[PDB]
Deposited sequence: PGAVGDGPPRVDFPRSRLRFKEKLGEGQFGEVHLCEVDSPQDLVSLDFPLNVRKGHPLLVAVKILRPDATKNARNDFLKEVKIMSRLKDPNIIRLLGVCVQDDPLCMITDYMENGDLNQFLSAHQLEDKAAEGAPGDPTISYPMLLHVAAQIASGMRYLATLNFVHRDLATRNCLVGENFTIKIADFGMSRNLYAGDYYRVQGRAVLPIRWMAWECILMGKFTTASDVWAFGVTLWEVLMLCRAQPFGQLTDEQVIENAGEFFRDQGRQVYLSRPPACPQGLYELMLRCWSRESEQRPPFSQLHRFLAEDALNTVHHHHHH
């Protein structure tokens, strides 16, 4: 529907396995947008993956999920258009802030963030996930690296895939197998390969941990990949030897207990996103 000639390409925002994303200016109904196009080395298989992503993205209509603003008309070279999220991925964003020392002592733009803003960030992710659940849409790779930050701490969940070198340490790779974000994965995912809304809740638990850590350390960071995979086996055997992420310094005990529930052995005992969102938006403000 959208004429490609109306785009003015400005800078490269990233590249993935089957496309790359550029910052563009538009003059028509200057707006900035993010535009995904085929890579220069695009193959028949990459174009197929691109077209399928267009179809997947057409499903997703929520304030806290990446939205498809437009696509280029059939004549033109393929493209997808979305909102420009000026503050980049959430992991880099939080890494550049520290928790405020005294409440409301700073100015806008300061490298500090409040505990209630951390809740606001996490609640938005929870709201996005709540939406995906109503679609029976399973994400499979929720993490702060896959969220984007706009103006005024607005958050949108994306899905970059697994090829950014910056996050290569977050994925476990074996020749001929799917690439796996094991440190964010529920035990039943690691052992049995099956991904559900309930395993997305588990990943949300780890993502919430990340947010409260201000992304200062990797989940299970002092443990090897092999040890993390063995931990899943300890969940299975249920002999009380499994281990969990520790309580972040910015996280009160009440919120941490909620976090722990996301990592329940039984999928059905993990809180739904509706419950997670309510806690983050309201209960977590309790003294």
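Sequence ranges without modelled C-alpha atoms (deposited numbering):
1 to 11, 41 to 56, 315 to 321 are the stretches of the deposited chain that have no C-alpha coordinates in the structure.
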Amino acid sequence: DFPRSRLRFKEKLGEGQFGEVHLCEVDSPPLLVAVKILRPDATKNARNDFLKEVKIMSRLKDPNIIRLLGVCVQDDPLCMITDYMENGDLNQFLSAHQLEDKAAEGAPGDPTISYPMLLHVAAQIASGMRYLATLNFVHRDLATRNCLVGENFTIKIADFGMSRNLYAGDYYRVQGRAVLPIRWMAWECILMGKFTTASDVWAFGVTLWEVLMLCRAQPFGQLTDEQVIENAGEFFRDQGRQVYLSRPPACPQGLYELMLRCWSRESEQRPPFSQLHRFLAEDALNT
From here on, numbers count along this sequence of modelled residues.
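Throughout, rigid core stands for the largest set of C-alpha atoms superposing within 1.5 Å between the two forms.
When the other structures are laid on this one by the rigid core, do the CA atoms of 166 to 174 or of 91 to 99 sit farther away in 9 other deposited structures of this protein?
So, of the two stretches, the farther one in 9 other deposited structures of this protein is 166 to 174.
Line up the rigid core: which moves more in 9 other deposited structures of this protein, 55 to 63 or 42 to 50, by C-alpha RMS?
Larger mean C-alpha displacement, comparing 55 to 63 and 42 to 50 in 9 other deposited structures of this protein, is found in 42 to 50.
May I ask you to compare 20 to 28 and 274 to 282 by their mean CA B factor in the entry and name the higher one?
Comparing 20 to 28 with 274 to 282, the higher mean C-alpha B-factor belongs to 20 to 28.
Greater mean Cα temperature factor according to the PDB record, 75 to 83 or 213 to 221:
Mean B over CA atoms: larger for 75 to 83.
At the C-alpha atoms, which of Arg145, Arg177, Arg183, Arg164 reaches the highest B-factor in this entry?
Reading the PDB entry, the winner on C-alpha B-factor is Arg164.
Out of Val149, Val201, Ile125, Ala107, which residue has the highest Cα temperature factor in the PDB record?
Result of the comparison over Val149, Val201, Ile125, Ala107: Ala107.
For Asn136, does the deposited CA B-factor place it in the lowest, middle or highest third of the chain?
For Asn136, the deposited C-alpha B-factor lands in the highest third.
Divide the modelled residues of the chain into thirds by Cα B-factor and specify which third, lowest, middle or highest, holds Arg237.
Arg237: CA B-factor falls in the highest third of its chain.
Is the Cα B-factor recorded for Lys156 in the lowest, middle or highest third of its chain?
Its C-alpha B-factor, which the entry lists for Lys156, ranks in the lowest third among residues of this chain.
Among the modelled residues of its chain, does the C-alpha B-factor of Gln227 lie in the lowest, middle or highest third?
According to the entry, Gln227 has a C-alpha B-factor in the chain's middle third.
Which third of the chain holds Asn45 when residues are ordered by C-alpha B factor: lowest, middle or highest?
For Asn45, whose C-alpha B-factor we compare with every modelled residue in the chain, the answer is the middle third.
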